[PDB]
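Survey of secondary and tertiary structure
The primary structure of each chain is shown beneath.
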Amino acid sequence: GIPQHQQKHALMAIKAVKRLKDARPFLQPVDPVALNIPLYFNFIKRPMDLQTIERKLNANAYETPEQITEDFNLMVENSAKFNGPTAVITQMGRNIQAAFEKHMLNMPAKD
Ligand SMILES: Cn1nccc1C(=O)NCc1ccc(-c2nc(-c3cccs3)no2)s1
């Protein structure tokens, strides 16, 4: 797992993103049948959401900050594939992706 200071930085980035209206579609895992999109898991083989990223950070399940960035990008790209590249949800994902990248560019180095 990444050292404490990087873990803290990523956690603060995630909390900042969670505060945003544009995060609302991404706060929790998708339940396809509950949303009457039963083909979701046929299209999306690696579901991802903000709660999972935060829990993984708390579980020290990331080895590098780039893995966090990869999971965030995967979440947004899942929306791009399933809802469409210009769908409302996808553009909200692009917005919070920009916010998260702003917070992650400032990630402190190991040494
Ligand atoms: C199928 N899927 N892929 C990624 C995410 C999803 C999905 O459906 N998650 C459940 C949702 C919760 C809130 C959503 C939403 N809130 C809004 C708006 C609020 C205010 C202005 S827009 N738009 O969507 S979606």
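Residues numbered from 1 in each chain as written, not as in the entry; some residues may be left out. Heavy atoms only, no water.

Under the annotation held in the PDB entry, the protein carries the name Candida glabrata strain CBS138 chromosome C complete sequence and is attributed to Nakaseomyces glabratus. In its PDB record the entry is named "Crystal structure of Candida glabrata Bdf1 bromodomain 1 bound to a pyrazole ligand".

With that settled, the discussion passes to the overall build of the protein. Regarding its fold elements, the protein presents five helices and zero strands. Taken from the N to the C terminus, the helices and strands of the protein come in the order α-α-α-α-α. What you see for the protein is a C-alpha radius of gyration of 14 Å, in line with the 13 Å of a compact globule of 111 residues. Each principal axis of the C-alpha atoms in the protein carries an extent, and together these give about 45 × 25 × 20 Å. Within the protein, buried positions represent 40% of all 111 residues. A separation of at least 24 residues holds for 70% of the contacts in the protein among residues at least 6 apart in sequence. Carbon together with sulfur atoms contributes 54% to the accessible area of the protein, which is approximately 6,800 Å² in total. (Helix = DSSP H or I, 4+ residues; strand = E, 2+ residues; numbered from the N terminus. Rg over C-alpha atoms; globule rule 2.2 N^0.38 Å. Buried < 20%, exposed > 50% of the residue type's maximum accessible area, 1.4 Å probe, protein only. Contact = heavy atoms within 4.5 Å. Areas by Shrake-Rupley, 256 points an atom, 1.4 Å probe, with all protein chains shown as cover.)

If you trace the backbone, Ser 79 turns up in helix α4 (residues 65-82). Non-local contacts of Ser 79, meaning those with residues more than four positions away in its chain, are made with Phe 26, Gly 84, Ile 89 and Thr 90.

Here the focus is helix α3 (residues 50-58). Those residues of α3 that sit buried are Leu 50, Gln 51, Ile 53, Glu 54 and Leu 57. Down the axis of α3, the smallest arc covering the buried residues is 165°, so these residues share one side. Looking at the buried residues of α3, the elements they touch are α1 (4-18), α4 and α5 (88-104). Two to three positions downstream of the cap, the backbone nitrogen of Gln 51 sits 3.0 Å from a side-chain oxygen, assigning the N-cap of α3 to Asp 49. Trailing α3 by a residue or two, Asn 60 shows a phi angle of about 55°, which is positive. (Arc of directions from axis to C-beta. Polar contact = N/O pair within 3.5 Å; in protein donor to acceptor, adjacent residues only side chain to side chain.)

Now for the site of the ligand. Around the ligand, the neighbouring residues are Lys 21, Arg 24, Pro 25, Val 30, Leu 35, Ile 37, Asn 83, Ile 89 and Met 92. Separating a nitrogen atom of the ligand from a backbone N or O atom of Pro 25 is a distance of 3.4 Å. With respect to the ligand, the side chain of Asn 83 contributes an N or O atom lying 3.2 Å from a nitrogen atom. When the ligand sits alone it has 570 Å² of accessible area, and the protein chains cover 66% of it. Tallied by class, the residues present in the shell around the ligand amount to six nonpolar, one polar and two charged. (Near = heavy atom within 4 Å. Nonpolar A, V, L, I, M, F, W, Y, C, P; charged D, E, K, R; others polar.)

Ranked by size, the top nonpolar core spans 24 residues in total, and within it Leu 50, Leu 57, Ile 68 and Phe 72 carry the most contacts. Other than its neighbours up to four places away in sequence, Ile 68 contacts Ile 2, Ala 10, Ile 53, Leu 57, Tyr 62, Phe 100 and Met 104. (Core = buried A, V, L, I, M, F, W, Y, C linked by side-chain atoms within 4.5 Å.)

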